[PDB]
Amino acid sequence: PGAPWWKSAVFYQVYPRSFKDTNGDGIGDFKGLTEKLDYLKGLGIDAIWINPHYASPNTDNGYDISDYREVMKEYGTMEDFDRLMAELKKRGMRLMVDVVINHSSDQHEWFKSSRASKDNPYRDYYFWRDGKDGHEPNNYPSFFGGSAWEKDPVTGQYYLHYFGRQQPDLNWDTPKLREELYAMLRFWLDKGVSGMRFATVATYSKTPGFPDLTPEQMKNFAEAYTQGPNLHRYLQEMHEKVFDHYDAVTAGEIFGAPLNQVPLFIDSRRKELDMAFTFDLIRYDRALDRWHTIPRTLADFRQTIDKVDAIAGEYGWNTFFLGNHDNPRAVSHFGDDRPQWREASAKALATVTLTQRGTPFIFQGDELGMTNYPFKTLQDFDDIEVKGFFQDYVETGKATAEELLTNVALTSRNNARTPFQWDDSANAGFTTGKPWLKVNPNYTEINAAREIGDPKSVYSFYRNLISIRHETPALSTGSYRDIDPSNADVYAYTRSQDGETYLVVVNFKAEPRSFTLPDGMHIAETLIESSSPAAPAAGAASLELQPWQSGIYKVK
């Protein structure tokens, strides 16, 4: 039997707002993405995940949707969306879209009606509760600052919002609401969408009665919001009434949920989701407040990957990513973005990303080795989540503004949202106007045009790796085995399928290191290396590794 197309596919995440502008408004659009499909094809990309593209007031840049069946005005029209589809299909490429159905915008017609009165037909499309003892219904905190409950004077009741105040949560306990969501999903699937990514999929179910969070739960409220009693009931239903009738791939963003519960989401026998986005790895060095950083080693890095691989079992599947629109740049976060180590480390992380077991996602710009942004003003940090950090930590005296910005500089979501660097023209060729966010000044050295013409560039190395994975089934669907989980210098693991075994070795130190193969293992061939002066001799039992050297080898 064969493996599904998505298990051996290489995905590329486009954040349309910051990818390519074509009308000089400073905002990326659909026409921009369409003009760059050849670039993505040439890289070797099989499928594209785009961030929300629906009508939105943009208080959270598309994650506050005011009309699920209309296209965001900034990105273009429905015609532009269809053309994007058609141009993708002509290149044998597939499209995955973002599905945001934990909540909607407060400008959605459902909510405008819902808030009108207690007897409105749409009232139960959301959660409305009376205050308690002169205060909020309960002690729920919002991800984006303050209470998760917001009072509305129109009726005197509070509505629930896990995130932004302009992002009220949808009530999945209401059957009529679920049917509306299902019909909306079919609407896009009938248009030929090949994949769906479910944003904060683990929070769909709310706990009956909304009791107060215990002191312990209050600490880790992200986890507590993923413990709704009817969650998997709703996910199985959505599969039965929607995805069972189509051949699209489903990807869940499982944020807040402990690893041991992930199988419930991705076990194919359960008929829920196909693969999972987990955040144990990408947040392995983030503190509980989601803005402080905690020092970690390669040991912690690889042991997390191990635990994540183990919950796949035989019937489940993982995605793999080192960066997205919500996190700092990969080379800055996991590598060394200093000008003498940036390219080398970026190539090293590319080797990891494309030799992991699971479906790899590459975030726009990482193939160029783009870096974190050098923030210098208040404005640079402008984001709804940072506004919330101010509300919860600065205005309350828990921390000074400078303390917040010092740490957020390393963790800000805006680090990943600076305009794609196409060339070295004005604003890196992203726009002919003023970009909605400032272009990283290092675009003079870091841009696509220069990378594409250089066989030693980061882009060329990614492109080479993508070709190798596509021609080596073991590197996609093969099994995973960490050689030494306790090693903090050199990351090494094997990929095996059908008698074929491959070895991956990556030095994470900016210093020369040595690696010794397991007893009875020898190098047969060298597929690729970065920062290496010479491939090992055939039959070698060990490797001499340069600083930040990475490689892939077929072994005996």
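Start at 1 with the first residue shown and count on from there.
- Comparing the deposited coordinates for 33-41 and 517-525, the stretch with the larger average C-alpha B-factor is 517-525.
- With 136-144 and 191-199 compared on mean CA B-factor from the PDB entry, the stretch scoring higher is 136-144.
- For the set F127, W172, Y459, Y480, the PDB entry assigns the largest Cα B-factor to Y480.
- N327: CA B factor in the lowest third of modelled residues in this chain (values from the PDB entry).
- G28: CA B factor lies in the lowest third for its chain, per the PDB record.
- In the deposited entry, the Cα temperature factor of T250 places it in the lowest third of its chain's modelled residues.
- When the modelled residues of the chain are ordered by their C-alpha B factor, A492 lands in the middle third.
- Annotation for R469: CA B-factor lies in the highest third of the chain's modelled residues.
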